[PDB]
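just need the structure, nothing else, for what follows:
(2 chains)
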Amino acid sequence: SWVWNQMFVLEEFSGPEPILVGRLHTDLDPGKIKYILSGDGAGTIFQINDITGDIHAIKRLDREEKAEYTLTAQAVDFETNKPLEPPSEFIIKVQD
Amino acid sequence: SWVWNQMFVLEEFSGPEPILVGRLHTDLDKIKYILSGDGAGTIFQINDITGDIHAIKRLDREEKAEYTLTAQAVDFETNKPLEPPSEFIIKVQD
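Residues are numbered from 1 along each chain as shown, chains lettered A, B, ... in the order given. Let me share the structure:
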């Protein structure tokens, strides 16, 4: 019952310069995973790379405006777009 | 399955002033959070009440890129485990 699916971003260090928040990652193996990000500020505030799974904040964050972002993680096969993981919620929580 | 038990810390923002890394949390309803392993206490410091992990030294990814730690949750009175002891990883920047 450990809860691991949250990430924290320090608002002070956020801005137009992208800052690494976390990474989507599956323990699933070879045989390539495409990482898809949706929900609360996906694309605009938080940007994913579909290959690496890296999530960067690409905007200044303001905890007083919004303190928590609920996002959905997805993983699909590059060729067929068939799911390789269940769509799964995780939370990005903003700093101070 | 999704792997969530990793926390990333940016080396550039580390130093003598503590920066928040992440937080140990159990979905139980009281809980004492205990941290052990790679740099527990010296580099990474936990608040046993809130579960907050701070980095309290300048990190250096060239020296050590990755820290394997153990999360524990115990009862304040009896110190018996409320969760099984679980590994997690703090990864440092670039």
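
tell me, how many residues neighbour the closest residue to residue A:40 other than its chain neighbours?
Excluding the flanking residues, the one nearest residue A:40 by C-beta to C-beta, 6 or more residues apart in numbering or on different chains is residue A:69, at 3.8 Å. Using the backbone N, CA and C atoms, a C-beta is placed for each residue, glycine as well. Applying other C-beta atoms under 10 Å in any protein chain shown, we find 21 residues neighbouring residue A:69.

tell me which helix or strand residue A:69 sits in.
Residue A:69 is part of strand A:68-77 when elements are defined by DSSP states H and E.

who does that strand touch, helix- and strand-wise?
Packing partners of strand A:68-77 (3 or more C-beta pairs under 8 Å, 6 or more residues apart in numbering or on different chains; DSSP states H and E): strand A:33-39, strand A:88-94.

ok, for residue A:38, nearest residue in space, not its chain neighbours?
residue A:72 is the one closest to residue A:38 (C-beta to C-beta, 6+ apart), at 4.7 Å.

list the contacts for the residue of chain A found nearest chain B?
Scanning chain A for proximity to chain B using C-beta to the nearest C-beta identifies residue A:4 as nearest, at 3.6 Å. Neighbouring residues of residue A:4 by C-beta atoms under 8 Å, 6 or more residues apart in numbering or on different chains: B:4-5, B:88.

output the set of residues of chain A in proximity to chain B.
A:1-8, A:10, A:13, A:19-28, A:73, A:85, A:88, A:90, A:95 (C-beta under 8 Å from any C-beta of the partner chain).

can you list which of the residues you listed are found in strands?
A:6-8, A:19-23, A:73, A:88, A:90 (DSSP state E).

run through the residues that contact the most centrally placed residue in chain A.
Nearest residue to the geometric centre of chain A (C-alpha atoms, centre = their mean): residue A:55, 4.7 Å. Residues in contact with residue A:55 (C-beta under 8 Å, 6+ apart) are A:7, A:20-24, A:37, A:46-48, A:92.

what number of residues lie near the nearest residue to residue A:10 once chain neighbours are set aside?
Leaving out its chain neighbours, the residue that sits closest to residue A:10 by C-beta to C-beta, 6+ apart is residue A:95, at 4.3 Å. Look at residue A:95: counted by other C-beta under 10 Å, it has 15 neighbours.
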